[PDB]
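The form deposited in one PDB entry is given below as one chain in structure tokens.
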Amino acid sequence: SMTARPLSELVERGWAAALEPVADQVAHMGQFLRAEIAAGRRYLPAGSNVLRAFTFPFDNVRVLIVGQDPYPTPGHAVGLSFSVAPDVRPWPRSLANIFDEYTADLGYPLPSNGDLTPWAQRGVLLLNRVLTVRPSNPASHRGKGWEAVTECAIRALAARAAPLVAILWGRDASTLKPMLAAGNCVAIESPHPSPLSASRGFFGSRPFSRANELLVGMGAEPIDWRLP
């Protein structure tokens, strides 16, 4: 529980230190979620998954993907942005669009399922700007305190003596751009892959190959984006 236990128990070591400035804020978010349930509203993803992106090593992140907030359908969000469990089908629409662009950009076949854990395991941080949502209500937790947490995560990543490429999908993600200003960091910004915005510049954006060109140009290894 985010209300009950400290960062050193909840997230990976590097992340617990990176997020020290927002320790109280994370506990505050646990209190917010408690109050939601007391009031008769639910949240997604499950409590134990809310901070899941921060359970993969901070020091290993090479690419940052940021979306808006978790999927609003119960059974979709798993705490890694855009990912779904391997048994989920049909895929959410934004994921179908991501995968369409993945095939167009990289030439790989469509993935077998919507599980993005391989990316997380290979140094891609799958973040959302806001880490919870009320079921069926996109953006319902905007402005409730998560933004300070994800801002802190981005500043910390950018302050590392390491290369970073950021992929910011949509307007809420885009508000992290000012924090991504140091010379060790590069940002790719595009419209979000949701059907509402994807035709404004998501399709054709080639984020995966661009990220790899950027990594190689900073002397970093590219991401193996291939999903099974």
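What we label the rigid core is the largest C-alpha set whose atoms superpose within 1.5 Å from one form to the other. Residues that one form lacks are left out of the comparison. All residue numbers are counted from 1 along the displayed sequence.
Novice: Using the B-factors recorded in the PDB entry, average over the C-alpha atoms of 182-190 and of 198-206, then report which stretch comes out higher.
Specialist: Mean C-alpha B-factor is greater for 182-190.
Novice: Please compare 95-103 with 108-116 and say which has the higher mean C-alpha temperature factor in the record.
Specialist: The stretch with the larger mean CA B-factor is 108-116.
Novice: Out of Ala39, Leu33, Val61, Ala53, which residue has the highest Cα temperature factor in the PDB record?
Specialist: In this record, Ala39 carries the highest C-alpha B-factor of the candidates.
Novice: In terms of the CA temperature factor given in the entry, to which third of its chain does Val133 belong: lowest, middle or highest?
Specialist: As the PDB entry reports it, the C-alpha B-factor of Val133 lands in the lowest third of its chain.
Novice: Of the three thirds of its chain by CA temperature factor, lowest, middle or highest, which one includes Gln68?
Specialist: Lowest third.
Novice: If you rank every modelled residue in this chain by C-alpha B factor, which third holds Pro45: lowest, middle or highest?
Specialist: Within its chain, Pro45 is a lowest-third residue by C-alpha B-factor, going by the deposited values.
Novice: Based on the entry's values, in what third of the chain does the Cα temperature factor of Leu125 lie: lowest, middle or highest?
Specialist: Lowest third of the chain for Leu125's C-alpha B-factor.
Novice: Among all modelled residues of this chain, ranked by Cα B factor, put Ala17 in the bottom, middle or top third, i.e. lowest, middle or highest.
Specialist: Middle third.
Although not depicted, the form deposited in another entry is the subject of the following passage.
Novice: At a threshold of 2 angstroms on the CA positions, core aligned, which residue out of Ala27, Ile188, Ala162, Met179 shifts between this form and the one not shown?
Specialist: If I go through the list carefully, the shifting residue is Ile188.
Novice: Taking the rigid core as reference, does the Cα of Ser197 move 2 Å or more between this form and the one not shown?
Specialist: Yes, the C-alpha position differs by at least 2 Å between this form and the one not shown.
Novice: Compared with this form, is the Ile65-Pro195 Cα separation smaller or larger in the other form, the difference being 3 Å or more?
Specialist: Compared with this form, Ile65 and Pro195 lie closer in the other form.
Novice: Knowing the Cα distance between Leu64 and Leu196 changes 3 Å or more in the other form, does it shrink or grow relative to here?
Specialist: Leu64 and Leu196 sit closer together in the other form.
Novice: So if I superpose on the core and keep residues found in both forms, which blocks of at least 3 in a row have all their CA atoms moved by 2 Å or more between this form and the one not shown?
Specialist: Moving stretches, in sequence order: 170-174, 182-200.
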